[PDB]
Amino acid sequence: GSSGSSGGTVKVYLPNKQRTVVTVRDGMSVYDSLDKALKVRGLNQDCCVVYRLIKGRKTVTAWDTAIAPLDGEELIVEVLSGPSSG
């Protein structure tokens, strides 16, 4: 959404129709990053997924992955759920 803000942070969209701004570090991973983002609610990196904003497409992300290559972007943290098949 309209947000004319440019600095050293990132917006994290939680599944709790909520969002949290985190600091962009060049070392930590997405897990250690979204870690709190989850704990804050009590979520876990087991039944949760993070989507990246690419050309307006939720591109799943890895936990082991780094958060360095995430300068100026937004991730969507959701809970793994849905009818796989059937």
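Okay, here's what the table says:
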read-out	value
Net lengthening on full extension, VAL40/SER3 (0.36 nm per residue, minus Cα-Cα)	11.0 nm
Three semi-axes of the equivalent ellipsoid, the stretch 9-79, Cα gyration tensor, whole Å, largest first	16, 14, 12
Ranking of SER29, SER6 by count of other Cβ atoms within 10 Å, fewest first	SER6, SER29
Simple label model, 7 Å out from Cα along Cβ direction - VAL21 to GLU73, nm	2.0
Pairs of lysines in the chain (C-alpha under 18 Å apart; 8 or more residues apart or interchain)	7
Relative contact order for the chain, counting Cα pairs under 8 Å that sit 6 or more residues apart, in percent	36
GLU74 long-range amide H proximity, modeled H, under 5 Å	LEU53
Derived scalar couplings ³J(HN,Hα) [the stretch 4-9; Karplus, 6.51 cos²θ - 1.76 cosθ + 1.60; whole Hz; x for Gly, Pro]	x, 9, 9, x, x, 7
Under-5 Å amide H pairs with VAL12, H placed in peptide plane, nonlocal only	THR20, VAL21, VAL22
Contour minus Cα-Cα distance for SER85 and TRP63 (0.36 nm per residue)	5.4 nm
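So basically every Cβ, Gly included, is an ideal-geometry build from the backbone, and we count neighbours across all protein chains shown. Bear in mind that the values in this text are calculations on the coordinates, not laboratory data.
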